[PDB]
Structure formats: C-alpha cells, structure tokens
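Read the numbers this way: they start at 1 and go in the same order the structure lists the ligands and their atoms. In this chain, residues are counted from 1 in sequence order.
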Amino acid sequence: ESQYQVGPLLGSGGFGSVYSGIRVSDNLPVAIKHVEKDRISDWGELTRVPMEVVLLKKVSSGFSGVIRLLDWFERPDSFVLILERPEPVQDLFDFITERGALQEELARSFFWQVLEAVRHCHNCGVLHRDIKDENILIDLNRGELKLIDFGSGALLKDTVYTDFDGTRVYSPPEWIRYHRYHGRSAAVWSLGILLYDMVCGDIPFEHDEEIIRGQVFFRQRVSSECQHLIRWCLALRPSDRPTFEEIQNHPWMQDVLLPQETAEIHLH
Ligand SMILES: NC(=O)c1ccc2cccc(O)c2n1
C-alpha cells in the first residue's frame, strides 16, 4: 500500500493485528487493523464483508464517541480496516493498570462518555457486545473516549440473541446460565462490570459462579450512590437493569465534567 505509512504494531489478539499508521495524503494518524478471513465467524454485506465493517459504517458518522472507519480494503486472506487514531492515546485497561482505581469524578466523566457512545451505536442499529476497558481509547489531550473493536457486535434487534463471542467476565448471568440475552440489558450489565472496574481498579467477578450469584463486594472505598448504580446495572434479572436513560438520570451521574475539563484536571 502506498496510501499509508505503517508504524509499530500496537497490539494483537482476538481483534487481529493493529498497527500505528499515517495517512500519506494529509499525515492523518491512523490505526491499520488486519483481520484474517478465516477468523471471521460473521459476515454482512453492503459483496461479503466482515460484520465489523457493516457495523462501523453504520456508526461512523460525525459523533466522535465511536472510532471512525475511514476506509477498508480486501486482500486475498484478510481485510484491512483504516481507522481513526487519536494521538496521544491510552486504552482504559492500561490506564487503570497504571493509575489503579479511578477517583469518582473521573470515572463519572469516562462512564458518561461511554454511555453516549453506546447510545449512539444503538440509535444507529448497532450492538457492540464487547464493552470493556480494553475496547475504550482515551484521547489524553481532549479527555474524549472512543469505543473500538466492533468485531463481536451485531445489528441491534429486539428478539433474543443466542450467540456471543465478546468477553465472558463482562457477560451477563443469563448468557452464562442459558446462552440467551437481549442486547440492551446485556449491554447494561457489561456497563456495570465496566463501572465497577473503573472505581475499584479491577473487575468484580472472575468465575461463572460469581457472575451467576451477582453479589457485589467493594474492595475500595466507593460512594453509596456509585455502588447503587453499579448494583442496579448488575441486577440478576435483565428487566430489573436500568435503561440508558435511567443510568444517565441516576444521581451518581449528575454534574459530569466536560471531556476537556476532564483532561485538564485528571490527564494533565
Ligand atoms: N476498532 C478497532 O479495533 C481499533 C480502532 C482504532 C485503534 C487505535 C489504536 C489501537 C487500537 O487497538 C485500535 N483498534
């Protein structure tokens, strides 16, 4: 390829291999993601493409809480996706690994931005299905979070999902026990795991039994309101979980900092 200059490997795993790149035409920072054709369980179309590209095109549209797909290419054995790349950036998993449990004010700003990103995906007919710290990029200058890696997502629908291939420890008890979930309520459970992770510095449950028991213990000092929001997101019955609107109207969620204030105060 002559359109992009390839830089260091940023990571690899279930999502494929992602390299740092630069778009040669205007020096835009990009991430260049290679997905092997035979590791794609899930195809859509517009000629057959990974669901991931279908879902990205449906959400890649002005609102910047979701990484944008700038271009894609097909190769004999893979697809290559050209994605936005903020710079400097750190994913939330590394950030929490380095900084430990986040102060509530900072978790509140981050969590709120996740919720706007996920509402956007949903408004666009897309369910992420793998919301977790490793799939959230922090633009450290602007304090803006971006959801990445739609490679386990699906078109949003209102009937039951019986397949899943996101991250188990973020998956709800109905998936664990029955291999069934509805998209919104599973997304909210993963948001409870995510919010506990932000405020405690690690995820609450490691084991199937703990997921199914849904008993939440706090190892860090966490406000009653935050604990209540988390415990609500993690209701065992899917229909007892809050909607996005109820999450965002929760008292813990009030007075969120703007992303810019967030970076000035907490990211320097
Ligand atoms: N949607 C994507 O998987 C994606 C998009 C952009 C990325 C930027 C930096 C590091 C990454 O792992 C990235 N992954």
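At distances below 3.5 Å, at least one donor-acceptor pair connects side-chain atoms of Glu210 with backbone N or O atoms of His207. A donor-acceptor pair is defined here as one N or O able to donate and one able to accept, closer than 3.5 Å; such a pair exists between the side chain of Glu261 and the backbone of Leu258.
Residues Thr262 and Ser109 bring a donor and an acceptor atom of their side chains to less than 3.5 Å of each other.
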Please tabulate, one line per pair, the protein nitrogen or oxygen atoms found under 3.5 angstrom from a nitrogen or oxygen of ligand 1, with distances to 0.1 Å, or say none if there are no such pairs.
residue: ligand 1; atom: 1 (N); partner: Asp149; partner atom: N; Å: 2.9
residue: ligand 1; atom: 3 (O); partner: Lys33; partner atom: NZ; Å: 2.5

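When the side chain to side chain contact (heavy atoms under 4.5 Å, CB included) test is applied to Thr162, the partners found at least two apart in sequence or on another chain are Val160, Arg180. Residues forming a side chain to side chain donor-acceptor pair (under 3.5 Å) with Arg99 (at least two apart in sequence, or on another chain): none.
Sorted by first and then second residue, the ring pair (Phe, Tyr, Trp, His ring centres under 6.0 Å) pairs involving residues 246-268 (not counting sequence neighbours) are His228-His250.
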